[PDB]
Every structure is written in C-alpha cells, then in structure tokens.
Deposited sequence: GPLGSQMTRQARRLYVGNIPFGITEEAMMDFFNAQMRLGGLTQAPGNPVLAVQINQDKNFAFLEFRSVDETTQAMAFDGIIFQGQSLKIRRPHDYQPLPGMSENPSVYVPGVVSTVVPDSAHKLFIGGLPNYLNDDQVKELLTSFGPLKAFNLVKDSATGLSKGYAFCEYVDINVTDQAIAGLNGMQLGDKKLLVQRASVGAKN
C-alpha cells in the first residue's frame, strides 16, 4: 500500500504532557541517529496527539520509513514503553538494538508479574525484570483512563530458561507495601 494509511502509525502510552513537537523531534532523532532514514531530512512530517487518551498518530513522508518505525515498538521515552502499531485500516524491517517489544503473546513461558506498586513506571519495572536476563517482550498494564499503572505486567525472556529463575527470585518478594506474584501467565489467566 502506498496511500496515507501506509504512512501513519499509532503510538500509545506516550509521556504525560509531551508536546507534538517533542514527539516529532524524538522520532526524527531516533530514526536519523539509528541510520534508519532512506533520504536526507526528517522522516516524521506530523504528529497528532489525543491527550485525553495519551496516544498519538505519527505521519511519515514515506512508506518504507513508516515500516521501519514499527521496529521502535517498546522504546523507552521519559519512563514509558511506547506502544507502536499499524492503524487498524492499514492494508498489509531492521531490528533496533535494545528495544523490547510490547507485544507479549500468550505462550508457554509468558510471565505474569502481579503486586507491583502502582507508582512504578515501565522503565523501572523492566529494569527489575532484566536483572535476570534480557527480555523478548514486556508490557506494564496501564489504566485505560489515566495512563497510570494497574499494578501488574506481562513479559517473556529471550532465554526461556530464565523464566524459572525470575519466578524463584521475584515471587513473593516484598516491594514497597506489596508482595509480588510471579508465575507463568497461563496459570492465572481468565477462563
């Protein structure tokens, strides 16, 4: 697809109070400094922010740079894991070092992390988990009305063998006034 639906992306979980200019500068810097542009200049042309729902739509100058920007899904910016997705009406990439996807599919070793203090942000929870090993995917569940944490997260380690090590280390750990519950997410998932 070459139309505008192929040149825009949904970005959720954006930092509180960020401006459209700051969002544009961030993505332009990440793309240029990552060597991910297809031509001189800035790939991001426009940003439309919905403050009430803390999401933005980015518009890019080209289809290929839009596709490349999908690889930033999960990048940390002012404490937040940016959730990057296609527009739902899009008609259907180089890996970016260090970026951890926010797409956490149900799987054998997907973990549930419960009991997190609600004031911890995505970066802080991710740092807690990454002490055991690098993550393949991670998402801290946010309230659909404030963008504030609901106190639990899901993740998957690159090395499936780290799963049991993280359970052993973190399950039952005191954190603030809470006690963590760490187990494979299949165990406690709804019916």
{"property": "Sequence ranges absent from the coordinates, based on the deposited chain and numbered from 1", "result": "1-5, 98-105"}
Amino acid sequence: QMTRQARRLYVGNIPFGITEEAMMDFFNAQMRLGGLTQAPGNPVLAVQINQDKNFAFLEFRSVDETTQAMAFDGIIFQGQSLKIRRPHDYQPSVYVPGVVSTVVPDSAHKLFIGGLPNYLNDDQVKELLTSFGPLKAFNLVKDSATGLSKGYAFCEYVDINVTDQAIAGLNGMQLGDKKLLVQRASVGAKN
From here on, numbers count along this sequence of modelled residues.
property	result
Stretch with the higher entry mean CA B-factor, where the candidates are 146-154 and 25-33	146-154
Average Cα temperature factor in the PDB entry - higher stretch of 60-68, 118-126	118-126
Residue, from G74, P105, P97, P87, that the PDB entry assigns the highest Cα B-factor	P97
Ranked against its chain, the third holding the CA B-factor of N161	lowest
Chain third (lowest, middle, highest) by recorded CA B-factor, residue given as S81	middle
Among modelled residues of the same chain, the CA temperature factor third for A185	lowest
Within-chain third of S131 by Cα B-factor, per the entry	middle
CA B-factor placement of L140, once the chain's modelled residues are sorted into thirds	lowest
